[PDB]
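A closer look at the structure
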Amino acid sequence: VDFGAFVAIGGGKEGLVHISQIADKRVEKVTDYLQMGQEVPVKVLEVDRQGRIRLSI
């Protein structure tokens, strides 16, 4: 989505890569990183508001 991408890292657990932290450059709605079921490594950073883990590539 234009909010980011939800990686199912394992067992269907959603982690949100936020829109800016997908491409590391001009994102165009994450057009380069947009394909359902595409596997790609995602690294967690730290705890965030609402208990959500922070995710980026």
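Residues numbered from 1 in each chain as written, not as in the entry; some residues may be left out. Part of a larger assembly, values for the part shown. Heavy atoms only, no water. Residues with missing side-chain atoms left out of burial classes, pairs and counts.

- As recorded in the PDB header, cryo-EM is the method behind this entry, and the stated resolution is 3.4 Å.

1. Overview of the overall build of the protein chain
- Helices and strands together make up the secondary structure of the protein chain, namely 1 helix and 4 strands.
- Helices (α) and strands (β) of the protein chain occur, in sequence order from the N terminus, as β-β-α-β-β.
- For a compact globule of 57 residues, the expected C-alpha radius of gyration is about 10 Å, and the protein chain comes in at 11 Å, within 12% of that figure.
- For the C-alpha atoms alone, the extent of the protein chain along its principal axes is close to 30 × 25 × 15 Å. (Helix = DSSP H or I, 4+ residues; strand = E, 2+ residues; numbered from the N terminus. Rg over C-alpha atoms; globule rule 2.2 N^0.38 Å.)

2. Focus on the pairing of strand β4 (residues 53-56)
- Two strands pair when backbone bridges link them, and strand β3 (residues 43-47) and β4 are joined in this way by 3 bridges, in the antiparallel orientation. Bridge pairing in β4 links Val-44 to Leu-55.
- Between β3 and β4, which pair antiparallel in sequence order, lie 5 residues; one of them, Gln-50, sits at a positive phi of approximately 80°. (Pairing = 2+ DSSP bridges.)

3. Here's the deal with unusual backbone geometry
- Residues other than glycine seldom take positive phi values, yet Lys-29 does so here, at roughly 60°.
- Tracing the backbone shows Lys-29 in the loop between α1 (20-23) and β3.

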